[PDB]
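Computation of the quantities below employed the complete heavy-atom set of this structure, encompassing side-chain atoms and omitting hydrogens, waters and symmetry-equivalent molecules. Here is how names work: the chains are called A, B, and so on, in the same order as the sequence lines, proteins then strands, and each is numbered from 1.
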There are 4 protein chains.
Amino acid sequence: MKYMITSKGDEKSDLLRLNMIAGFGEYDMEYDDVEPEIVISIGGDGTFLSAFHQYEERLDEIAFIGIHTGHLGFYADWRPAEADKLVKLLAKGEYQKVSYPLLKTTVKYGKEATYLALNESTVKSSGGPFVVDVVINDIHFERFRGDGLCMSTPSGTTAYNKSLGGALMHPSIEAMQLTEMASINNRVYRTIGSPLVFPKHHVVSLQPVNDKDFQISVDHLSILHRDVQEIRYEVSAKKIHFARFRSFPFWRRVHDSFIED
Amino acid sequence: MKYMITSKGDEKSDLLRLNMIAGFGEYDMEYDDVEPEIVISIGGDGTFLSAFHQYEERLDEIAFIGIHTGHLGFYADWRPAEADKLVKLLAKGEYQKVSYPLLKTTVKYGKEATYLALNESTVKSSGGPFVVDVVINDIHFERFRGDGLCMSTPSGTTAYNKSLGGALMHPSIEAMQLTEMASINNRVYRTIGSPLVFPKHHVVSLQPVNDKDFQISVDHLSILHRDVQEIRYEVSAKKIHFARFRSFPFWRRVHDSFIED
Amino acid sequence: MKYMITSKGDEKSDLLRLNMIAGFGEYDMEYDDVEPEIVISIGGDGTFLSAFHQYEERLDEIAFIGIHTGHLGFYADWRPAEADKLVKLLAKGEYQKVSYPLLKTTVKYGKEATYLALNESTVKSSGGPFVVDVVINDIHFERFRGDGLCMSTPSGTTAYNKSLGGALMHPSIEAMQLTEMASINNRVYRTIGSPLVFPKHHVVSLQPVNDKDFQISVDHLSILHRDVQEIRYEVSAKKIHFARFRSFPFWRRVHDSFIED
Amino acid sequence: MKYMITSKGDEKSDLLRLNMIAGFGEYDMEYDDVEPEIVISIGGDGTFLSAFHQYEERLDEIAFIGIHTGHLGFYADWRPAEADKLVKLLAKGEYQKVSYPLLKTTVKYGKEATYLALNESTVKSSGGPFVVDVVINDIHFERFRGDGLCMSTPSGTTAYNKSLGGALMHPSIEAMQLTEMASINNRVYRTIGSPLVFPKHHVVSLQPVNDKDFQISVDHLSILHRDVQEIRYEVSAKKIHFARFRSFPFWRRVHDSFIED
Ligand SMILES: Nc1ncnc2c1ncn2[C@@H]1O[C@H](CN2CC#Cc3nc4c(N)ncnc4n3[C@@H]3O[C@H](CNC(=O)NCCNC(=O)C2)[C@@H](O)[C@H]3O)[C@@H](O)[C@H]1O
Ligand SMILES: Nc1ncnc2c1ncn2[C@@H]1O[C@H](CN2CC#Cc3nc4c(N)ncnc4n3[C@@H]3O[C@H](CNC(=O)NCCNC(=O)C2)[C@@H](O)[C@H]3O)[C@@H](O)[C@H]1O
Ligand SMILES: Nc1ncnc2c1ncn2[C@@H]1O[C@H](CN2CC#Cc3nc4c(N)ncnc4n3[C@@H]3O[C@H](CNC(=O)NCCNC(=O)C2)[C@@H](O)[C@H]3O)[C@@H](O)[C@H]1O
Ligand SMILES: Nc1ncnc2c1ncn2[C@@H]1O[C@H](CN2CC#Cc3nc4c(N)ncnc4n3[C@@H]3O[C@H](CNC(=O)NCCNC(=O)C2)[C@@H](O)[C@H]3O)[C@@H](O)[C@H]1O
């Protein structure tokens with residue numbers, strides 16, 4: 001159907017994109033980057049992230065495919081040499097779609113802004129000390145003092161979540177995971193420490209205690225928010241759809257990226 | 001209906017059991033510890049664990065209730081002073097049942113033995129070095145060298161799993177979580193490090209590399225197994241049912257047990 | 001001899017300062033905040049830190065004493081009710097001095113600036129990704145990718161170092177300790193992970209790989225540095241001297257601050 | 001002078017030993033495994049550990065050298081191909097000696113046994129729960145509940161200590177480091193969590209609370225001790241001496257063993 005291709009912008013990725021476009025010209029494939037049904041990302045995981053946010057308002061109409069030009073990307077699971085075979089299989093169709101959960105961040109002021117994340121959503125202070133009350137389904141759970149917090153999707157658990165001590169979570173689990181960044185823990189201040197895994201329909205809310213300015217980052221897009229009254233986290237109802245042409249299981253993907261390949 | 005009561009065995013718990021029995025005599029409640037429909041545990045989490053394994057062959061016919069005589073137990077969420085009010089509400093009935101996932105361990109030899117866990121199932125070596133290949137859905141994932149491994153249920157994540165760096169997982173998530181015990185990690189030997197969370201129908205298998213003798217512990221019941229060929233982990237199809245009479249959410253339970261109460 | 005007193009600035013601390021000054025008027029004690037020999041800090045650990053940096057150019061001529069107005073501070077080990085007994089013992093003299101090691105940070109450009117730390121010296125990126133080569137005594141040790149790094153004094157190991165997984169180190173050990181902040185670790189990027197403890201005369205140097213702008217914080221005083229060519233860490237030759245009037249051992253101080261008091 | 005050579009016992013190591021002996025026959029070198037002045041270990045770190053304990057009663061009269069037949073050992077820093085050049089340099093002499101601190105474990109009963117460790121000394125329970133009071137210089141510091149504890153030398157910090165979260169410590173620092181094994185931490189039971197680094201002349205003592213049987217392991221030599229009244233740890237006055245023929249710094253050794261080589 002309709003398709004488009006984003007590139008990292010370097011020489012290698014642009015040429016691959018041009019060759020794939022020329023290969024798509026030899027089928028009934030129309031290039032359309034306004035209402036594509038197939039979005040192809042050529043680059044790394046960052047490039048795939050940019051492609052996701054570029055089309056986040058049409059997630060139900062789009063299937064994503066990643067090609068990695070450098071080393072294996074977690075979302076870009078195709079080597080450049082397989083691009084010709086990918087063009088052919090994609091042209092025919094009859095591929096199966098695979099869906100991963102997403103995370104919804106809502107920021108309220110004193111107005112409401114919402115964001116969608118594929119990796120994670122983190123919160124820090126705008127300079128001063130970060131102090132927030134953590135409220136789970138309207139129950140006050142803890143007062144957090146430290147560098148910040150990170151709320152991860154399942155496919156995000158192998159990213160920033162992993163470096164903060166979080167657990168790696170299979171993407172068929174509709175959940176989100178909260179991890180701490182350097183929390184204070186003494187006789188006066190104490191947090192849970194452990195990562196927390198939340199199911200669908202649970203709401204985690206952050207409430208300022210003193211400072212109301214926070215730096216919020218959704219998939220490394222970092223925005224300063226002033227006069228913040230609440231940050232709410234929940235598993236989104238929207239999902240990202242991947243076009244898959246062969247078996248590449250998640251735990252094998254994890255093995256290749258972290259153990260050996 | 002039919003019911004029975006287990007006690008920690010100390011003076012305080014025995015007297016509470018006797019008083020509850022006398023209180024049950026004033027209703028249409030028959031004491032039966034062969035085919036009870038209600039099992040009451042008076043003691044700590046250990047006592048509740050013993051009650052679970054005592055009746056693990058009738059989990060679908062039984063609802064559990066825990067009373068804690070010492071401090072708050074995670075499974076024993078009733079104070080002794082509320083025992084009279086518990087007798088009354090239980091006598092009427094019309095309570096709602098709450099189900100938690102369980103973990104199935106299978107041990108093969110050179111014959112098959114299976115176990116059911118409510119907290120976790122761990123594996124260590126019988127003295128020599130512990131070395132196992134970790135296989136996920138028939139895919140070889142890693143070779144583990146270290147002290148041992150721990151596979152946790154959701155309600156178990158606040159137990160041994162928590163002390164090994166695992167994530168705390170809400171019990172409505174049908175999953176199991178694998179955590180490492182002091183793994184070797186240098187240029188020659190390397191593991192994933194991070195905890196792993198597996199959904200229903202995923203099978204994690206441990207395969208010996210050299211030594212075939214392992215000490216396997218299911219809910220602190222520790223058994224030596226010789227001539228072991230495989231240990232398989234998967235989320236059980238069986239579930240434990242709790243009788244609940246009021247709202248005591250999991251994250252509030254976690255807050256009380258770890259933050260403050 | 002000569003003395004001065006810094007206060008947190010709230011009502012409670014100002015009144016305590018005024019009362020101690022009036023008590024010092026009844027001895028041969030001259031108030032002098034230009035060349036004091038005794039510096040008294042009334043507040044928390046932050047107030048003590050400010051007092052240290054206010055007089056860092058006369059460390060060999062000054063002994064410090066901390067009074068904590070809120071909860072126990074690690075450096076402020078005197079309760080306000082003991083202020084009168086402290087005035088008396090200090091007026092007589094014949095107290096013993098205790099010395100803690102300090103950390104020297106040197107920043108080079110493309111010029112040289114040096115800083116002295118009592119808790120720690122940390123480095124982050126000015127927004128972009130933080131990537132530095134870590135060089136130990138002119139040996140290239142690792143390339144670090146992550147949120148940042150923290151170099152701690154011994155008395156600092158119970159502060160930020162503690163929240164990043166570092167070890168707690170007795171202050172009689174002339175050393176410094178380096179800990180990571182959320183490092184990337186996969187098949188392509190890998191760091192040591194473990195904290196590193198360095199003796200006197202060892203030099204740890206950070207060298208930029210791409211971005212040359214870093215946010216450097218010495219005892220929570222955070223400064224942006226542009227066009228950075230090198231950050232060098234080493235145990236200082238200067239030491240801070242505490243006046244002590246009774247036995248309050250470090251591990252007891254640690255017990256009171258973290259286990260129970 | 002006098003010398004002897006221990007081998008791992010496999011074919012490769014025995015032949016190397018025989019060739020080195022024949023090479024030593026061509027100098028004024030007498031083979032003597034009763035009172036050697038030079039001890040050569042051919043194998044891995046385990047083989048070097050066995051050589052250390054074989055001659056622990058003559059540490060001041062002996063210099064050690066390790067040759068690694070498999071991958072790089074931390075104590076065995078010579079490749080087999082350099083054995084001929086090692087024979088020659090050792091025959092001449094005029095080499096410089098390098099000393100590493102050691103750890104002294106003392107076990108008291110209801111009699112006294114002492115052990116010397118080069119890597120570490122650990123303590124576990126003989127089956128039941130491990131519960132000990134931790135006393136630092138006669139000050140009660142904490143009650144530990146968990147799997148066990150590990151007290152490490154500096155050169156041991158890259159071994160078991162590393163896998164338990166401890167810090168890596170340069171061997172010129174006369175110290176010992178204590179790390180936890182899976183400690184219980186909730187509202188009722190709490191430990192320090194962080195590793196602890198102790199200087200020379202500090203004494204750490206473990207005192208049983210209930211069970212008095214402990215499994216104590218000194219450099220992987222594991223002994224059951226019954227009727228235990230106290231386990232005392234302190235930096236030994238004895239030191240191990242290494243013969244060094246060229247610069248191979250500790251942090252380079254660490255880089256090669258963990259980052260890349
Ligand atoms: N302190 C920290 N430690 C560890 N990770 C941290 C971190 N701070 C942020 N992040 C993670 O970077 C994401 C944003 N960036 C693109 C990516 C993607 C990714 N997504 C996944 C996934 N789902 N699973 C497995 N690997 C994944 N990756 C892998 O990360 C490696 C690069 N990481 C870097 O940090 N660069 C420096 C700053 N970031 C960027 O400029 C752009 C690449 O190898 C890439 O392939 C965020 O969304 C965070 O998650
Ligand atoms: N090194 C280690 N560190 C941390 N935990 C470890 C551990 N080794 C094993 N275990 C856990 O003990 C369970 C078995 N025992 C009864 C319990 C239950 C429990 N279940 C839950 C739950 N689901 N959620 C939250 N808290 C829970 N608890 C809390 O543990 C505290 C006691 N722990 C102890 O270890 N005693 C010493 C040895 N064990 C026993 O004799 C009996 C009590 O406070 C009890 O209330 C196992 O199944 C493991 O999980
Ligand atoms: N993410 C993080 N997690 C943990 N600590 C972090 C951190 N970021 C920074 N720091 C540490 O704060 C120091 C600077 N601040 C005064 C202090 C002193 C201190 N010194 C010691 C010591 N030597 N030993 C034991 N406790 C000590 N304390 C204890 O820290 C508690 C407050 N901590 C806070 O963070 N406030 C928010 C930001 N900071 C400030 O505004 C002022 C007080 O209880 C105080 O008594 C820095 O130098 C860092 O070390
Ligand atoms: N759960 C655990 N996780 C991590 N380490 C653990 C551990 N349990 C115990 N140990 C450490 O094994 C030592 C005893 N063994 C010889 C060694 C030496 C060593 N010494 C050093 C040093 N100073 N610095 C850096 N590396 C060093 N090594 C490296 O350890 C690798 C093997 N480790 C193994 O465990 N084998 C299984 C059991 N042990 C043995 O049969 C024999 C080899 O690569 C060897 O070269 C102990 O003394 C402990 O320290």
S.K.: What parts of residues 179-191 of chain C touch chain A if we use heavy atoms and a cut-off under 4.5 Å?
M.R.: C:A182, C:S183, C:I184, C:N185, C:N186, C:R187, C:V188
S.K.: If you measure only the distance, is there a donor-acceptor pair under 3.5 Å linking the side chains of A:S217 and A:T122?
M.R.: yes
S.K.: Between C:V132 and C:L149, is any pair of side-chain heavy atoms under 4.5 Å apart?
M.R.: yes
S.K.: With ring-ring contact (aromatic ring centres under 6.0 Å, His included) as the test, pick out the partner of C:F242 among C:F52, C:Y100, C:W78.
M.R.: C:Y100
S.K.: Tell me the closest heavy-atom pair linking A:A51 and A:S41, and the distance in Å.
M.R.: CB-CB, 4.2 Å
S.K.: Parallel, tilted or perpendicular: which describes the rings of C:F250 and C:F74, with under 30° parallel and over 60° perpendicular?
M.R.: perpendicular
S.K.: Kindly give the heavy-atom pair with the smallest separation between A:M169 and A:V197, and that separation in Å.
M.R.: SD-CG1, 3.7 Å
S.K.: Residues of residues 251-261 of chain A under 4.5 Å from chain C (heavy atom pairs)?
M.R.: A:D256, A:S257, A:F258, A:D261
S.K.: Between C:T6 and C:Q54, does the side chain to side chain contact (heavy atoms under 4.5 Å, CB included) criterion hold? Intermediate values first, please.
M.R.: CA-CA 10 Å; C:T6 54; C:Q54 184 179 337; 3.6 Å; yes
S.K.: Using heavy atoms and a sub-4.5 Å threshold, report which of residues 152-168 of chain A line up against chain C, by residue number.
M.R.: A:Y160, A:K162, A:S163, A:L164
S.K.: Under the side chain to side chain donor-acceptor pair (under 3.5 Å) test, which residues partner C:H71, sequence neighbours left out?
M.R.: none
S.K.: Which class fits the ring pair C:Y75 and C:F48: parallel under 30°, tilted 30 to 60°, perpendicular over 60°?
M.R.: parallel
S.K.: Might you point out which heavy atoms bring C:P80 and C:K12 nearest each other, and give the distance in Å?
M.R.: CG-CE, 4.4 Å
S.K.: So, applying side chain to side chain contact (heavy atoms under 4.5 Å, CB included) with C:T114, which one of C:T106, C:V218, C:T105, C:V107 is it?
M.R.: C:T106
S.K.: For the residue pair C:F130 and C:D147, what are the closest heavy atoms and their distance?
M.R.: CB-O, 4.2 Å
S.K.: What's the separation between atom NE2 in A:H53 and atom CG in A:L116, rounded to the nearest 0.5 Å?
M.R.: 7.5 Å
